[PDB]
Each structure stands twice: as structure tokens, then as C-alpha cells.
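Worksheet: one structure, shown below.
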Amino acid sequence: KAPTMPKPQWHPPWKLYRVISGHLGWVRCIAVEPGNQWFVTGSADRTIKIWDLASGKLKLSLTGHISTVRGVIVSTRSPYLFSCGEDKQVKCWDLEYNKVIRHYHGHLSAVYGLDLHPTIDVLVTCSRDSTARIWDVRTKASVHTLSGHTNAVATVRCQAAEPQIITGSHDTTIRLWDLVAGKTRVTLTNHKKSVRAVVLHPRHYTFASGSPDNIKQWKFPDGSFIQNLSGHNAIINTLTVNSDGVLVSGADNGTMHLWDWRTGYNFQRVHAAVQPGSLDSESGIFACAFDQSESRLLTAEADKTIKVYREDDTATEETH
Amino acid sequence: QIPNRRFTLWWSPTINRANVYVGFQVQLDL
Amino acid sequence: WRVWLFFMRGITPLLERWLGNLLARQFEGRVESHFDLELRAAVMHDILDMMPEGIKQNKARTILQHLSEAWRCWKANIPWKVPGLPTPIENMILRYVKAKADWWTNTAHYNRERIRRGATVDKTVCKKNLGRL
Amino acid sequence: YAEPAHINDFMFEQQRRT
Amino acid sequence: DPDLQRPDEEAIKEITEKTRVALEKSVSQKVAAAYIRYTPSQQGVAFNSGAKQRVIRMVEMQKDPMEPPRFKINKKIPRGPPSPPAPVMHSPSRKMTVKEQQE
Amino acid sequence: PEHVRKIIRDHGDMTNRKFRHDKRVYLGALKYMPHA
Amino acid sequence: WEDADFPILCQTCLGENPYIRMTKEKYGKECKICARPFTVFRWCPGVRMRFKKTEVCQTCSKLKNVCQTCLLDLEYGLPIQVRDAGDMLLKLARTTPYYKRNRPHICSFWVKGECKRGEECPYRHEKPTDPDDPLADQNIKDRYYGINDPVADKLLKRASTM
RNA sequence: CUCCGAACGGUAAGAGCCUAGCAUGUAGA
RNA sequence: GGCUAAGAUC
RNA sequence: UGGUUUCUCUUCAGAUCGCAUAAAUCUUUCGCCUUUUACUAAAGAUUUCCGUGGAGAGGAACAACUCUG
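Protein chains in written order, with UniProt numbering: chain X, 181 to 500; chain Y, 1528 to 1557; chain D, 634 to 663, 677 to 779; chain U, 114 to 131; chain P, 129 to 162, 176 to 244; chain E, 63 to 98; chain A, 15 to 100, 145 to 220.
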């Protein structure tokens, strides 16, 4: 009865292969190197530690922040592992000497997330004081103050296709602030909850979006609501999408619901376990991003255990 | 401050001179 | 002549930044509490977002007071939890309390490692490190 | 209402002054 | 494929070249601090008649590149504190249930 | 030529010889001194 | 801060020629209409003119709708005290303006007698105005605001004479 | 044996009277 | 109205 | 094939571009320490300044002396 019901997309279920637990505190960010060798992941212990992307062993430990590290954006166009700390300091720890090289400032409060633009030499630092900041890389100065949010700008997206910068505001209103002007070119007539999640699928479609309650898709030219999300009412914090058509949603309740970017039905919708030292209701996917080789999924939970989920071939998972 | 006042006033020629404090010409009053 | 020509060769990029603001003013005219405030504001941001069941007479400062009395009960190592509560509201309160306990224990061990000599200066950190241990 | 022109400033200033 | 079409790589590079030129103009303005013909449609009827274009050459005066600034910090209002308050139109807000106060 | 000998000759006049509206630029342009 | 692109001036102050030349100085001259620096637009009205510039601010002159140099009005030409009184602006207006609005200043050496410049003197070597009249006793806000406007006072008084 | 230091942490606190080295370069009739 | 050593407190 | 010079402006410099060599900043270390800047020098990388290198563009001087081939 539903449109496009008997022809969904293909999505085999995944399986956890290794649960690395070396950090001391809730991991708030996780990122993979573009060479598929390093895995940068912060923690609540104010130490952004890099590990092996495939072996899983520890590779380095780089501290320096005065608060929780809630952002780690490894730059692919330049060797600089920039990080956003909650101590009002976007510590751009360059990996050329494993130390701070820039130490840019300007935000009045904690920084929510950071995203490096693929084309423009600037870093979109989504702060949480009242707005975001367009920090210029290798200049140590801000470009423009894109103040278009009534609350903290949690999510951030710097796409080369979208001319504006998609900012995710916690005031239940997403915005697309232009890079040259700075004003929000178009708002979002959706996401009734506090929107603190955003994704992008540039493989064969436009960039989507997300929300904790009543999430929906979008489009890159000026926004276009394609379809809403499934029955996921938990507080979503991680939203990753692969080029093969997989859509991973990481919520705070631990229910890592995996759906399709085209079909929309939840393929796996499995819930992860917790650490023995942790509490009963403490496991929650705060950050999740796929690998550079798009083989083993990586989700950093809140139970101080960076879990890695590999793939597995199966055929008895037909959805009605 | 009361035992500190009696100790500072007792050694007043020792703790206030030209050698103990070099650059100074401050007069109190008349 | 060679050393003092290099002295002005280093001061010529310097003095434009040193005395640049001096000639400009004549015509232009011139802690750990931040981590407690950021954890308190994010708790109100999470409680107003992580399922308040819509606009149905939502929480207030009494919910933050419930998190305040839970931390004070744990501070004396007492088994008094906060009973009589919804399960996701208690799980969100216990998650922020376990994260605040990670911050306070790490701040206690860092001051105790710098308590042997450390800095040779302590005005009020000596009473706090002895009270935390 | 401003409306610029791509004419030469040399020939325009010479013709108007003449 | 036309509904989910991606933009061209030349259009993305032209958007990148325009953004790089716009960011360089803002960086040159940040590092520095730290003809025309208007038709006189206001009162042009008979006073100096025949002025249909009123051409005025815009010649920028080259100031001295070694000087203190001519004024203090500008205390003038640059823009308007009203906004275009776009409406939400997200979802109709209603009551959940009778047991929503107990849940 | 000998043009610089005349311009520096008017140094501290009473706003009548290179001192009417040029004294503010005279102390501001000279703030690039150690390069000279 | 305070930027501009084109001066909002009158056709009388723009010069008695279709072709003119402007000179823009960005953020300078200390415009006393808003106590903010504006784009000082200097120009030449013509031969033997005053060659004045902009005096008022850009945004401060938008609410008054007057000239940038004359600062009288936009269409009629009456002062702001005469424009806010009252069509009243149709009868008080006057086309074909005088050259005294674009006339240069007087020679102080000619008033003192020792006019050593001669025939090449750019200033006017004529007799000055009578200081007993209130027309040569205005101020900055006295011409912009309608309060204490001597030009608007005689404009309403001489309108009912016959 | 010849390696030579500078500023801040400093003079108060007030009543009546007296005299000075300074700055702008305007539109208007 | 929050965080500070039941904040020390007869 | 056909031009010795000189002044303006457009890139990359991985050559002791510099046959010699300044200052500031950031992350770690020592000495004094009494509030702080001026401090002492060991390591690494980021700017500014003193400068320079090939290769197209525009003027001036005999470009005509006829340079290599």
C-alpha cells in the first residue's frame, strides 16, 4: 500500500568487531584520517588521543585543553588535526609537530563542533555562546560572525555544493547562512525539537538533515523536505551516512538505529551494550562516523569505550 | 596591626634611611 | 656597526607593533566555575530536549535542584539516591552525576600531584585539596 | 537612481568643457 | 537522476573562486584596519535644464599612507535592529495525553 | 635637488608655514621612524 | 560603521553642468550631523565656483531629506523649519537658483586692505554681509533642526506682505 | 678577574581665590 | 538563583 | 636568429634561496623568584622585517654597436 514499499534498498547488518576502551570519561567526538590509518577521538579527560584506524591500538596522546573536548575535525586538505574544546578555545593542534600551532580564540563560551571547508580556506567553528564563527585557517582571525541562531548552534556543515553554510541551531530552526554575506538565506520549517544533528550524502543525492524528535530529509539547493524519519524518538546526537546507501543514527539512549537513505526503513535497529564499570543506563552514541575505506563503522559511545562495528554478509533480512 | 605598629616604630631610623631605600624624597607634612 | 645595524633590523618590525598603538591612541581613543556553569547549562539544554513529552507542564529549577541534591548526597558517600522519579529523567540525572564525578576526581588527583612541591604557592587550594581527599 | 557608463573620462571631460 | 542531481565540478570551482576572492577582500580589509551618472529625478525640472544623466566621475582620492585615523571609534548605528521574522510552521503543537502529566 | 632644504626649514611656525593643518600628519607619518 | 556610495545632494549644489567630477574620501571629515565619519564627496560646481564638499552625514541626512551641502530641502528649497510648518512648499519654492550658494569665500586680505594676491585671488574681493541681520547668525543644529531658524522665520513672514 | 638592570607595587585625602603652553578653520544671507 | 570546604560556624 | 641598461607588477621559491643572521608568538624545559612586565638559554615550528633568485607586461638612454650562432 505504501509507495516504493516492495522495492527497498539493500543493506546487510553489521557486527561489532572490537571495542577499544582506553579513554577516561565520555567520548564526545570521533574522526578518521583520510588515509585510513589514524583515528582521532577526544574524551572528557581533556586529551585528544589518536589510535590506529585498522589495528585499534593506541598511537598518540595529545592533551592541552582545559575542558571537555567536544570536537575533533581532522583536515584532509592540510596536515592539521584541529580540535574544538569547551574552554572557549579552538585549539588547532597541527600534526606537523604534535603541538598547538594556532590557538585561535574569539568565542564567548564552549564550542559545539568544528567543520573544515573542502574548498574555502576557513574553519566553521560552531560555538555555543550565541552563534558560530568563520575562523580563517593560517590567519588566526575570524572572517564573519554568522549570527542567525536564537540558541546554541550545535551542528555545522560546510559543503562545496551548498553555497551557504548549513548551521544546526538548538532553537528548533535550522539555517543556511551564506559565506560571503553571513545572513541566513533560508530557514527550516521542520525539526520541532532542538536540532543538534546534521548529515550529508553526496554520493548520489543532496545533503540530508536530522533532528532528535520528528527528523526529516532535506535538499542542498534552498532546502526541500523529501520524507520524514522513522520511529526514533530518542535524543539523536550522531547522524552518519555512507556512500553505499546506509544511514546510521546515533542516539543518546543507546538505540543505534540504522536505516536506509533511500528506503527509510530501519535495517538493523540494534542496541549496543555497556561497560562493566559503567552504570546500567549510561551507554549512548555521542559521535559516529564511517571509516575512510567505508568498511568498518566507528561509533564512540558515552561509556568510555570507542566501539568499532565491522560488516557481515547475510541474506535473511528481508523487510516487508 | 598593634604589635606590627610598635615594631615598625621602634626600628624607625634603621628601617627608614637613604641606604635602605635609595630613590625617595617624600615628606609627610609640615 | 654590524650588531647594532641588526638591532634596528629587528626593532623595525617590532616598533611598528610597539609604538603603533601609542601613536594610535591620540586619534582613535583606546577557573573551575566555568566548567560547573557549562555542565549546568547543558543539563537544562538536555532536559528541555531529551523527551519532555512536548509542552505538558515541563520541568523547572526543581529538576536542577533534584540534580543538586543528588550530587550533595553522593558527596558525603551516602547511599541516598533520588527515588520516586521517572526512569529517563533519573538516567539523565545519573549520567551527568557520573560525569561530574569524573571531573571532580581528576581535579583532586591533579592538585594532589602538585601538593608535594607543585608551585610553592597555595592560598585557598590547600583547604580544598585536603577536603576533597 | 545611479546609472554608470563605460565611456572614457578623457573624451567626456574634453567635450563638456568645450 | 534529475531529481537527485549533483552540481557540476566547474560550477563548484567557480563558487570556490568567488568565495576565495571574497575572503581575500575581507582579509585585505582586516589587515588594513588591523564614471557614474545619477539621473536627478528629485528636483530636476527647470533648474539647470538638460541634465538627463548628470554624469559625475568617481575618482578616489589617494590618502597619505602614513597617518593617524581621522576620527575616533564610530558610535553610529550601521543597520536596523528589526529582522525578517520568518515563521516556524513546523508542526501543530497539541496536548499529548491525559497521562502525560503523570508520565 | 635642493627642495628638501626648504620644506624642513618650516618646523615649528605658528600655523602659517607648514603648521596650519599639517602638524597632525607631521607627527603621525613620522611614527614610521626606525625604518628610516 | 558609516559608509556611503553616492551623495544625496540637490541639483543646485551639483553644479551648472551635465558633467562633473567627484572625489570620495571614505570615513573622514568628521560629519557633525551624526558625529560620525562619512564619505566626504568634494566636487567642482563650475568656473569661479566654491568647490565645496559634503558636510552632513549620510544616514543623518536621510531622515531630513535635504541637500548634502545646502541642507535646505529636496524639491522645494525651503528650510526644515519652513518645511515642517505646512501647497505651502509650492509657493515658497524658487527655481533657477542664485550663484551665491556656489560662490567662494571672501578674501580676508581684501577686507584688511593688504590683498597681495591680486587678480589671481580665488576668493571674492567684495563687501561682506551686514552682521546686524539674523541671516548671518545661524549654527549647525539651527539650520538642520527647525528650532531657531532665521531663514524659515522670514520665509513665513514675507509670504504675507501684500 | 672586569656580567654594568629599569619601571609598577610610592608621595595622598579637601575647602576659598588667582594666573596660563593648548584646538576647530564650515553650509547659510 | 547556581557552584565553592554538612561552608567553616556558639 | 637581431637590444646593453634602468624603473614599475605577476607567480613559485625547498639552492649555504642568506659563504652572514634579527625580533616577536605558540608548546615543553632550567635558574632566580616578591605583584607583573622588562628576564637566562636548551628543543621544535608560526609570523614580521633586512634582502635575493627564473619568467611573461609597460617607459627612458646610440638601439643600433651589429652580440652568439
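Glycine included, each C-beta is placed from N, C-alpha and C at the ideal position.
Scanning its chain for C-beta atoms nearer than 7 angstroms, with the 5 sequence neighbours on each side dropped, one finds around residue 267 (chain X) the residues 245, 246, 247, in chain order. The contact set of residue 20 (chain A) on chain U, defined by CB atoms closer than 9 angstroms, consists of 115 in chain order. The beta strand (DSSP E) runs of length 3 or more contained entirely in the UniProt repeat "WD 7" (460 to 499) of chain X are, from start to end of the chain, 465 to 469, 477 to 481, 486 to 491. Within 10 angstroms of the beta-carbon of residue 403 (chain X) lie 16 or more other beta-carbons, which makes it buried. For residue 229 (chain X), the uninterrupted beta strand (DSSP E) run begins and ends at 227 to 232, by DSSP. Per DSSP, residue 681 (chain D) is one residue of the alpha helix (DSSP H) stretching across 679 to 693. Neighbours of residue 33 (chain A) across chain U, judged by C-beta separation under 9 angstroms: 125, 126, 128, 129, 130. The beta carbons of residue 55 (chain A) and residue 68 (chain A) sit closer together than 8 angstroms. Interface annotation, residue 648 (chain D): in contact with chain E, CB-CB separation under 8 angstroms. A distance below 6 angstroms between beta-carbons, with the five flanking residues on each side excluded, links residue 391 (chain X) to the following residues of its chain, in chain order: 371, 373, 375.
With respect to chain D, the C-beta atom of residue 320 (chain X) has no partner C-beta closer than 8 angstroms.
The beta-bridge partner set that DSSP reports for residue 39 (chain A) consists of A:54. In this structure, the CA atom of residue 163 (chain A) is about 59 angstroms from the CA atom of residue 1553 (chain Y). For residue 208 (chain A) against residue 193 (chain A), the beta-carbon gap comes to about 6 angstroms, under 8 angstroms, which counts as contact.
Residue contact check for residue 759 (chain D) against chain P: no CB pair falls below 8 angstroms.
Relative to residue 754 (chain D), the option among D:763, D:653, D:776 whose CA is nearest is D:776. DSSP places residue 184 (chain X) outside both helix and strand once states are collapsed to three, so it counts as coil. Counting only runs of 4+ residues, the alpha helix (DSSP H) found wholly inside the segment 688 to 763 of chain D occupies 707 to 721, 733 to 759, in chain order. Rounded to the nearest angstrom, the Cβ distance from residue 274 (chain X) to residue 336 (chain X) is 21 angstroms, too far for a contact under 8 angstroms. When C-beta atoms of the segment 414 to 433 of chain X are compared with those of the segment 756 to 764 of chain D, fewer than three pairs fall below 8 angstroms, so the two segments do not count as touching.
Residue contact check for residue 146 (chain P) against chain A: no CB pair falls below 8 angstroms. The three-state reading of DSSP puts residue 640 (chain D) in helix, counting H, G and I together.
Close to residue 220 (chain P), with beta-carbon spacing below 7 angstroms, lies no residue of chain X; the smallest spacing is near 10 angstroms. Against chain P, the beta carbon of residue 657 (chain D) has neighbours under 8 angstroms at 209, 210, listed in chain order. Chain-order list of chain A residues neighbouring residue 157 (chain P): empty, with the shortest C-beta distance near 11 angstroms, by a criterion of under 9 angstroms. Note that the C-beta distance between residue 349 (chain X) and residue 329 (chain X) is below 8 angstroms. Residue ranges of uninterrupted beta strand (DSSP E) with 3 or more members, entirely inside the segment 302 to 357 of chain X and ordered along the chain, are 302 to 307, 313 to 316, 333 to 337, 344 to 349. Of the residues assessed, residue 284 (chain X) falls on the buried side of the cut-off, its CB having 16 or more other CB atoms within 10 angstroms.
In this model, residue 221 (chain X) and residue 162 (chain P) are separated by some 36 angstroms (Cα to Cα). Within 10 angstroms of the beta-carbon of residue 52 (chain A) lie 16 or more other beta-carbons, which makes it buried. In the structure shown, residue 181 (chain A) falls within a coil segment according to DSSP collapsed to helix, strand and coil. Judged by DSSP secondary structure, residue 200 (chain A) falls within the alpha helix (DSSP H) whose first and last residues are 198 to 202. A distance of 8 angstroms or more separates the beta carbons of residue 494 (chain X) and residue 214 (chain X).
Buried is the label assigned to residue 201 (chain A), since at least 16 other Cβ atoms lie within 10 Å of its Cβ. For residue 167 (chain A), the enclosing alpha helix (DSSP H) has its first and last residue at 166 to 169. Under the three-state reduction of DSSP, residue 201 (chain P) is assigned to strand.
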